[PDB]
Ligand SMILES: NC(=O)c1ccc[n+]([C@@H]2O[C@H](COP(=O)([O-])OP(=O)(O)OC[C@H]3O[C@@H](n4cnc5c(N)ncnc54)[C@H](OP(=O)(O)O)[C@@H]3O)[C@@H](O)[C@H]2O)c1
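One chain is shown next in structure tokens, namely the form solved without the named molecule.
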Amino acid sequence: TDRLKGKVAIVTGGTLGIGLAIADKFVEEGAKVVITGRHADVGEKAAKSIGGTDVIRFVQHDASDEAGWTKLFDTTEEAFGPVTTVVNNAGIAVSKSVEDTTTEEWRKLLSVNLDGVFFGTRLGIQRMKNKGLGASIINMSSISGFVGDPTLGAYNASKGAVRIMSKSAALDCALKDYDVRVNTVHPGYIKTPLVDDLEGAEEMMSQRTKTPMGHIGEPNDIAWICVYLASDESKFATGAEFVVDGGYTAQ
């Protein structure tokens, strides 16, 4: 298995859940990976659970930390060579309607979910363009980038923003022949440690009126579409949306 031969990936929020599975399958397919997270013990443990430092490393980083992004790229390049792949997966969710959202909650969520993805996409383009790397930026943009949820106001705003901002970046890279693709991935409900904690969460998500398959997905479901998008298999795919959601948005 070598579908990501030679690739060097940054996966933000890669110590848990979806990000962890992305990192796992990236390494499996021959990529070198740096995962980020805010907790060192958890993060170091996550990295070692996947492989040795010759294929994967942890870097403590908050995606909303702009200066940290430059340090992150430098560290990754020093370890593994020129970055080829950026997965902007770090994010948080707040369960508040637009009406009930505090401005504090609004700004906090958008600093991670929107500013963080902007920082990673902007730097990704600057650092990876014109190097013949088959570079790929994969922005995590949710079913909440397509359809509203009354309890996810700020989250909806952030994911809609990521969805269309990514199209802008894809077009600019394509028109300028940067050899950088930008696409968005839109998970439906996926079983994560965060979902498991919230009592009744999986039950709500598994209703047929929400997810037609009647159950939520697993992190590997998102990892494999990310492998496709990071690989040269998808070299004609840019500015597009890839939805893996058990049928949620089809009805």
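Residues carry their position along the shown sequence, with the first being 1.
This next part talks about the form solved in complex with the named molecule, which is not shown.
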Here blocked means 3 or more ligand atoms within 2.4 Å of a backbone or C-beta atom once the named molecule is superposed in from its placement in the bound PDB entry. Does this form come out open or blocked? open
Considering only heavy atoms, tell me if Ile190 and the named molecule come within 4.5 Å of each other in the bound PDB entry. yes
Mark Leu194 yes when one of its heavy atoms lies within 4.5 Å of a heavy atom of the named molecule in the bound PDB entry, and no otherwise. yes
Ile18: touches the named molecule in the bound PDB entry, heavy atom cutoff 4.5 angstroms: yes
How about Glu29: is it within 4.5 Å of the named molecule in the bound PDB entry, going by heavy atoms? no
Which of 172-180, 75-83, 90-98, 123-131 sits within 4.5 Å of the named molecule in the bound PDB entry, heavy atom basis: 90-98
If the criterion is a non-hydrogen atom within 4.5 angstroms, does every one of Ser136, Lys167 and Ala223 touch the named molecule in the bound PDB entry? no
For the stretch 147-173, which residues lie within 4.5 Å of the named molecule in the bound PDB entry by non-hydrogen atom distance? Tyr155, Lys159
